[PDB]
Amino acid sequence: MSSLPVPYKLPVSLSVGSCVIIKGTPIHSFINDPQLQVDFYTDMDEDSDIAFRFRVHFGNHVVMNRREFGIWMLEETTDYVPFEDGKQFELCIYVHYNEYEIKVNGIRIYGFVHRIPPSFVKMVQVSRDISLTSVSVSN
């Protein structure tokens, strides 16, 4: 009705200089472990490989990783999660030559180095405890 379906699946093509921009609001903030998850898949089904998972545990930390043939690789984390309950955020994932740069409301919180070329990404999925207003792939 007023927001996009969650979970949300968007076919994409990424190249160096692309930015994936996600606008949404954390909801259900009264539950014990509210989350946001963004997955960059290499094909259209959810069994396919994941070049980059960005999984926020709101108020706690972010965990990032990559999945190949069902197997998760080296996990990376940061406790810098500057989201606000019930306030709209702008989540920007910039595709650089060497990494995905993740900004929350204009502020860099992490850089995840590519394990496979970002041109291999075919779908972005957004899931868990957000209301989703828009997803864009810019440039």
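Residue numbers run from 1 along the displayed sequence.
*Asks:* Going by the average Cα B-factor in the PDB entry, point out whether 43-51 or 62-70 comes out higher.
*Replies:* On average, C-alpha B-factors are higher across 43-51.
*Asks:* Name the higher of the two by mean Cα B-factor in the PDB entry, 103-111 versus 89-97.
*Replies:* Here the higher of the two C-alpha B-factor means belongs to 103-111.
*Asks:* Taking the C-alpha B-factors as the PDB entry records them, is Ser29 in the lowest, middle or highest third of its chain?
*Replies:* Its C-alpha B-factor, which the entry lists for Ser29, ranks in the highest third among residues of this chain.
*Asks:* Hey, what third does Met1 fall into on Cα B-factor, ranked over its chain?
*Replies:* Highest third.
*Asks:* Within this chain, which third does the Cα B-factor at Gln37 fall in: lowest, middle or highest?
*Replies:* Bottom third by C-alpha B-factor.
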